[PDB]
Structures are given as C-alpha cells and as structure tokens.
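Chains as they are written, first to last, in the authors' numbering: chain L, 91 to 118, 138 to 235, 249 to 250; chain E, 3 to 129, 132 to 159, 169 to 192; chain M, 17 to 155, 163 to 203; chain Q, 9 to 100. The beta carbon of each residue, even a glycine, is placed where N, CA and C say it ideally should be. Worksheet: one structure, shown below.
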Amino acid sequence: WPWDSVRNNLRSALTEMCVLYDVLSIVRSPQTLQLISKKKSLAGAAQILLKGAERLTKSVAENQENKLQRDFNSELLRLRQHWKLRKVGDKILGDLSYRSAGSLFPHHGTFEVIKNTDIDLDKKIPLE
Amino acid sequence: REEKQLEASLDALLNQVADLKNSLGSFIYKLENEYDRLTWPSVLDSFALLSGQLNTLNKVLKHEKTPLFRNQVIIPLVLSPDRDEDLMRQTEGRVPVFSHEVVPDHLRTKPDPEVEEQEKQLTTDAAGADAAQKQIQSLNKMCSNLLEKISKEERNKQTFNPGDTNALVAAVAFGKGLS
Amino acid sequence: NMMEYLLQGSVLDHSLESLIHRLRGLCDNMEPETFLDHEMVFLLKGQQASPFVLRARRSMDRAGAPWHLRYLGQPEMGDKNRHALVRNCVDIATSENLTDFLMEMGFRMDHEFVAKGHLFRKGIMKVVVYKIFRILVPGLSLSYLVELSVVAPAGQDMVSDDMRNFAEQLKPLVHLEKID
Amino acid sequence: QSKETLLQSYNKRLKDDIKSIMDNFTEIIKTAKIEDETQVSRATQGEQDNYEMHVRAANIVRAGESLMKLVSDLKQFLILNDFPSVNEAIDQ
Numbered sequence: 091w092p093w094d095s096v097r098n099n100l101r102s103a104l105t106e107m108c109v110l111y112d113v114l115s116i117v118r138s139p140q141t142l143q144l145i146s147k148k149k150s151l152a153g154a155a156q157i158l159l160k161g162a163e164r165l166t167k168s169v170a171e172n173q174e175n176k177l178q179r180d181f182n183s184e185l186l187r188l189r190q191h192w193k194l195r196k197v198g199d200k201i202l203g204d205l206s207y208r209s210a211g212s213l214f215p216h217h218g219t220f221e222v223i224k225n226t227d228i229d230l231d232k233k234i235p249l250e
Numbered sequence: 003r004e005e006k007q008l009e010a011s012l013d014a015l016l017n018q019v020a021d022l023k024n025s026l027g028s029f030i031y032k033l034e035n036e037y038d039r040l041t042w043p044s045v046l047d048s049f050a051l052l053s054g055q056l057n058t059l060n061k062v063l064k065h066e067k068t069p070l071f072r073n074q075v076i077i078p079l080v081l082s083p084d085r086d087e088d089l090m091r092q093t094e095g096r097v098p099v100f101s102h103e104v105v106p107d108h109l110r111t112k113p114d115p116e117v118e119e120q121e122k123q124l125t126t127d128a129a132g133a134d135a136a137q138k139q140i141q142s143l144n145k146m147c148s149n150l151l152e153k154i155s156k157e158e159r169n170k171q172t173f174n175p176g177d178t179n180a181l182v183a184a185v186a187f188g189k190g191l192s
Numbered sequence: 017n018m019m020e021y022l023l024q025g026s027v028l029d030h031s032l033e034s035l036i037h038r039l040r041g042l043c044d045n046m047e048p049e050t051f052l053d054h055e056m057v058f059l060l061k062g063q064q065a066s067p068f069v070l071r072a073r074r075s076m077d078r079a080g081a082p083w084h085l086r087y088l089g090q091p092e093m094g095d096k097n098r099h100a101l102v103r104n105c106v107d108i109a110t111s112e113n114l115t116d117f118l119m120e121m122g123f124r125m126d127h128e129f130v131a132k133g134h135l136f137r138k139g140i141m142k143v144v145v146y147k148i149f150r151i152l153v154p155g163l164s165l166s167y168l169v170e171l172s173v174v175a176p177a178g179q180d181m182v183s184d185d186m187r188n189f190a191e192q193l194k195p196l197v198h199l200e201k202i203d
Numbered sequence: 009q010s011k012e013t014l015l016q017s018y019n020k021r022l023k024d025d026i027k028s029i030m031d032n033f034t035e036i037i038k039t040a041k042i043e044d045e046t047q048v049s050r051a052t053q054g055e056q057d058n059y060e061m062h063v064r065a066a067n068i069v070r071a072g073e074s075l076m077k078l079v080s081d082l083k084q085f086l087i088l089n090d091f092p093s094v095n096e097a098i099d100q
C-alpha cells in the first residue's frame, strides 16, 4: 500500500496547507461527548494491547507447551554445548579443524542457520 | 503586541509544517523506488514523526493564550478567480488559479470528514450522565496518583585491591612482612 | 645469555574459581593441573650486602624430580616502553645435594613458608598463581598472587608485546606492576 | 576490546524506551474534560481531542508494544552466553 499511503499523505498535506493558508489570509442534552470519546479510546487501546498479546504470547508459545521443531532457543545451543564454543568473525563459532593439536594447516567454518518450509527441520549449517 | 507575536508564531509553525510535509513526501517517494525490505517499524516511525510535530504545533497555537472568540470575526481579503502572475507564489500549497465551475465541490476545503454525521446519529440513538462523569473523574485521579507514584519512585564489588597486591609483591621479594 | 619477564599481580580470595575457569581456556590445550611446592630459599652473602638469588623453591611432589634454584636479580636497564625484564639464568641440581653443598660452603636459609597454587601453559610464555600459607617452623598473605613468567634468549624481545596482549585477557581484576 | 558495553547500552536504552512508552499513557492525569472549554471550536477541536487517537494515542502504543519482545530476542541472540567458562559437565 505504498501508493495508497502516499496519496493519503498528499491529501492530508494539501488539506493542512489549504487550512493554514486560509487562516493566514483571514488573519490579515445527554450527549456526553467526552465520555463516549474516552470509552472509544479505552476500547481501542484494549484492542491494540490484545492484538499485541496475541502476536507475542500465542504465536511464540510452541516450545513453551511442548518441545517441537524450532531453531529458536532449542537447536543452536544444543550443537553449541555439544561441539564447540562461541566466536564471532561474522557468525562463525568454533569450527572443527583440529587446531588444538593439528599445527598443519588452518581452516575456518562457514556455519549459519537457514530457513525452509518443512516439518522437523534444524538449522542445517553448511572438503565437503 | 500579542497579536503580532501570535501571527509570527503561526507563520513559523506553518513554515515548519510545510518543511515537515516536504520531508514526509520525499520519504514516501523514496519508499516507492525502494519498495522491497519495507519494515513496518520504519513506516510507523515516519508516520509518528510526521503527525506529532504538526499536531503539537497546531494544538499549541489554538489552546494557549488566545483571546475570546466572540470579538474576532473571520473575513478574507478578496474572492477573485483572477489568474495573476504575481499572486500564484503567495498561497504555498493550493488556490494557485481559481476555476469557474469549482464552487460546488471544492469550496468546503475539500471536505474529507464523513464519520462525524454518522457518530452524531449513533449518539442520538441512545437518547445517567452522572455516574459516568464520576467514574471518569475517579479513573483520572487514579491515573494521576499512579503517575505521581511512578515519578517519585523513579527519582561494583572490587577484587583487585591495590594495597594487598603491592603487599604481596613486596613479600615476594622483600622480607618485611613476609617472614 | 638468557632473560626473563614478569607481569605479576594478585586477586581476591573468593574471586579465584571464576578467574581460573577463564585462565584455563586461554592458551592451554586441556587437562588443568596443580602443584605443591617447597621453599628452600638460602642466603649467600657477608661481604657486599648483595646476596644471590637462592630461592630454591621446588615441588615436594612425587620423588625423582630434582630440587633446584633459579637466577633472578639485578634488574638491568632497557625495556623501552615494556614491562619488567631481567637478564637471568637457571640451574638444576641433584636431589638434596644442592643443600648439602650450600651448607658445606657456609650458607644459611632465608624463608620457611610455602605457597602452593596452580599453573597454566601459555604459548611462548607461562602463567602461575599461588597463595602463602601461615604455618609455624614445624608446620599468611591471604591473597593469591599471580604472575606471567617467560624466559628466553636475547633475540628480539618482541614477544613481550604479545605478553601485553595477555594483559588484555586479564582485564577484570588483574593488572601489571613493578616492585621497588 | 569491550563490545559488551555497546550491548548493555542498547539494552538499557531499549528498557528506558519501554518504560517511557508504558508511562506515556497518562497525559490526561490533570483533567478528564468535564466541561467544554474549547474557545476556538468545540465540534472539530474539543470533541476530536480523543477522536484523533490514531495520531495521538495509537501512534505511540504501536511502537511501544513492539520493542519488548524484539529487544528480548535481540538480547538473547546477540548475547547467547553459552559461557559457563568451565564447561562443567561437558568435560565429564
């Protein structure tokens, strides 16, 4: 909705400029509107907070109820604690090159998580 | 006196609003060529920066040190649909050259408002204003007390003792303290 | 013919385990160990008020390993924009024959306090840490003094800068300092 | 090198922004608009004081109810400690 929002902003700016120019040229019952407005504002704030809570605590509660397929906080620490330590060239942490006692030749590790639409899929980090 | 200061403040606010509108238009035009990787947070921040600065200036120049609105009357300079070459650079946004058959659907400052009548008709359908006001006042008082409490509540173990280190270094070599 | 460097320091008592945990995974492959030593500091003087470096502090662990002393004294000039450095040496000796010849040559002891601790193999360097223990004659600082020991020939002494890099590692509660 | 300082500063800034957003919903602590004191206009200025919540109230709540989980994930990923410094049972 790039063009739609652009046109809306343009119309709003045109209206604002017209009102400002007009002001410059001119310069030289049981209604309870406040109560209804406050009620509508409270309803809107409650709807926004409910949408936020649904986005946060309902779509991220997968591993909270039962450990399922999720690379987030369930896969990376596994392989970390099991094989190597953390390091940051860019995202390269503990490549397996026997550098502890090799002393022959160095080799780095291009290890990085990736996404794919499937069931039970890990990060699958990349001689070969 | 006060009228001149109000006019100068209104002119400065209009200039700032025009600059902010030009900046927002340039940003929106930059959001059309680079349509990819358009995060919602950047658009939200742009919309907040484009609305807040203008709305605050508009509200400050309307409910702060204003005289009674019964003496001042609204009167424009002139209503002439003449095409002048020395007057098209003095409106800054619209009314460059007025048309002939434009009086009907252009004269109400291009009225966008369409929900005001619907809201009025919906409120008229509910025709008791004493408990609601009291509850609103109580909620306002509670929010004020909470904000005051928050404002009132809002307002490195060492392990490298140099003395002990120097003493140990001395005892390592000098006999004073060591033996 | 050879020289030694030092960037010794100290650290609190409670703050050792968190410290040595980091110190293990700094330049050592694996299998951290320790050692219990024994201080046999002697004294050889009586003519110029300048004794020798007779601190023959050697381990009291499993036998076979020979006790000995090392040369460490008379800090020479130099070390431009560098840490402590002294032209020194080392000397191994037979089991208890060193003390025998020292006593036959008319020497006396200097200290009777032992400070066990831990060691850690750096690269071209080495690091140690220890703590004095309060014991009587037949048996104190309450602070584990640490040190970065490295010995090498003259060479270029550029590795001292690398030693300073280790100072970067010993950031939290460790620093370098001389003695006067 | 001290890169954790920038991470701590970013986390503190995120927390301060979240606190300010949670505190930014008390601008009506001084009054509840019991009367219509709008001397300029009461139909489009006084009545629309709360009808423009999209640019006044809903304009801060959107970003204010988004930085929490984002900052949490950023702190948990940028700093995923994994630094027991001894690997206690791992050697085991």
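Chain-order list of residues whose beta-carbon lies under 6 Å from that of residue i (same chain, five-residue window excluded)
{"i": "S138 of chain L", "result": "none"}
{"i": "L26 of chain E", "result": "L52"}
{"i": "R103 of chain M", "result": "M19, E92"}
{"i": "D199 of chain L", "result": "none"}
{"i": "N32 of chain Q", "result": "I68"}
Where the beta strand (DSSP E) containing residue i begins and where it ends
{"i": "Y21 of chain M", "result": "18-22"}
{"i": "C43 of chain M", "result": "Element bounds for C43 of chain M: n/a, residue is neither H nor E."}
{"i": "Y87 of chain M", "result": "84-87"}
{"i": "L101 of chain M", "result": "100-108"}
{"i": "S26 of chain M", "result": "25-27"}
Host alpha helix (DSSP H) of residue i (start-end)
{"i": "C108 of chain L", "result": "92-117"}
{"i": "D81 of chain Q", "result": "75-86"}
{"i": "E36 of chain E", "result": "Premise fails: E36 of chain E is in no alpha helix (DSSP H) and is neither H nor E."}
{"i": "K27 of chain Q", "result": "12-31"}
{"i": "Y207 of chain L", "result": "Run containing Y207 of chain L: none; DSSP gives neither H nor E here."}
{"i": "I68 of chain Q", "result": "66-72"}
{"i": "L89 of chain E", "result": "No alpha helix (DSSP H) holds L89 of chain E; DSSP gives it neither H nor E."}
{"i": "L151 of chain E", "result": "135-158"}
{"i": "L188 of chain L", "result": "185-192"}
{"i": "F68 of chain M", "result": "Where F68 of chain M is concerned, there is no enclosing alpha helix (DSSP H), given that its DSSP letter is neither H nor E."}
{"i": "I145 of chain L", "result": "142-166"}
Within 8 Å, strictly: CB atoms of residue i and residue j
{"i": "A154 of chain L", "j": "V63 of chain Q", "result": "no"}
{"i": "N182 of chain L", "j": "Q84 of chain Q", "result": "yes"}
{"i": "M19 of chain M", "j": "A190 of chain M", "result": "no"}
{"i": "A180 of chain E", "j": "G190 of chain E", "result": "yes"}
{"i": "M125 of chain M", "j": "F58 of chain M", "result": "yes"}
{"i": "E174 of chain L", "j": "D231 of chain L", "result": "no"}
{"i": "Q178 of chain L", "j": "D90 of chain Q", "result": "no"}
{"i": "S146 of chain L", "j": "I30 of chain E", "result": "no"}
{"i": "residue 161 of chain M", "j": "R150 of chain M", "result": "Looking at chain M, the numbering goes 155 and then 163, which leaves residue 161 of chain M without any coordinates in this model."}
{"i": "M76 of chain M", "j": "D53 of chain M", "result": "yes"}
{"i": "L22 of chain E", "j": "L46 of chain E", "result": "no"}
{"i": "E94 of chain E", "j": "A20 of chain E", "result": "yes"}
{"i": "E73 of chain Q", "j": "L158 of chain L", "result": "yes"}
{"i": "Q192 of chain M", "j": "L42 of chain M", "result": "yes"}
{"i": "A79 of chain M", "j": "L23 of chain M", "result": "no"}
{"i": "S183 of chain M", "j": "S93 of chain Q", "result": "no"}
{"i": "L135 of chain M", "j": "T50 of chain M", "result": "yes"}
{"i": "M90 of chain E", "j": "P83 of chain E", "result": "no"}
Cβ distance (whole Å) where residue i is taken to contact residue j below 8 Å
{"i": "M186 of chain M", "j": "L165 of chain M", "result": "28 Å between Cβ atoms; not a contact."}
{"i": "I37 of chain Q", "j": "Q141 of chain E", "result": "12 Å between Cβ atoms; not a contact."}
{"i": "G25 of chain M", "j": "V130 of chain M", "result": "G25 of chain M to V130 of chain M, Cβ: 20 Å. No contact."}
{"i": "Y167 of chain M", "j": "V27 of chain M", "result": "6 Å"}
{"i": "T39 of chain Q", "j": "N144 of chain E", "result": "7 Å"}
{"i": "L144 of chain L", "j": "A136 of chain E", "result": "5 Å"}
{"i": "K112 of chain E", "j": "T219 of chain L", "result": "The pair is not a contact, with the Cβ atoms about 58 Å apart (cut-off 8 Å)."}
{"i": "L202 of chain L", "j": "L213 of chain L", "result": "So it is not a contact: roughly 22 Å between Cβ atoms."}
{"i": "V117 of chain L", "j": "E9 of chain E", "result": "6 Å"}
{"i": "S115 of chain L", "j": "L16 of chain E", "result": "With 8 Å as the limit, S115 of chain L and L16 of chain E do not qualify as a contact, their Cβ atoms being about 12 Å apart."}
{"i": "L165 of chain L", "j": "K11 of chain Q", "result": "Not a contact, Cβ separation roughly 29 Å."}
{"i": "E200 of chain M", "j": "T178 of chain E", "result": "7 Å"}
Those residues which DSSP pairs with residue i across a bridge
{"i": "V144 of chain M", "result": "M:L135, M:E170"}
{"i": "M125 of chain M", "result": "M:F58"}
{"i": "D53 of chain M", "result": "M:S75"}
{"i": "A175 of chain M", "result": "M:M19"}
Same chain only: Cβ atoms within 7 Å of residue i, ignoring 5 sequence neighbours per side
{"i": "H84 of chain M", "result": "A72, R74, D107, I108, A109, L114"}
{"i": "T68 of chain E", "result": "none"}
Cβ of residue i within 8 Å of any chain B Cβ
{"i": "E45 of chain Q", "result": "No chain B is part of this structure, whose protein chains are labelled L, E, M and Q."}
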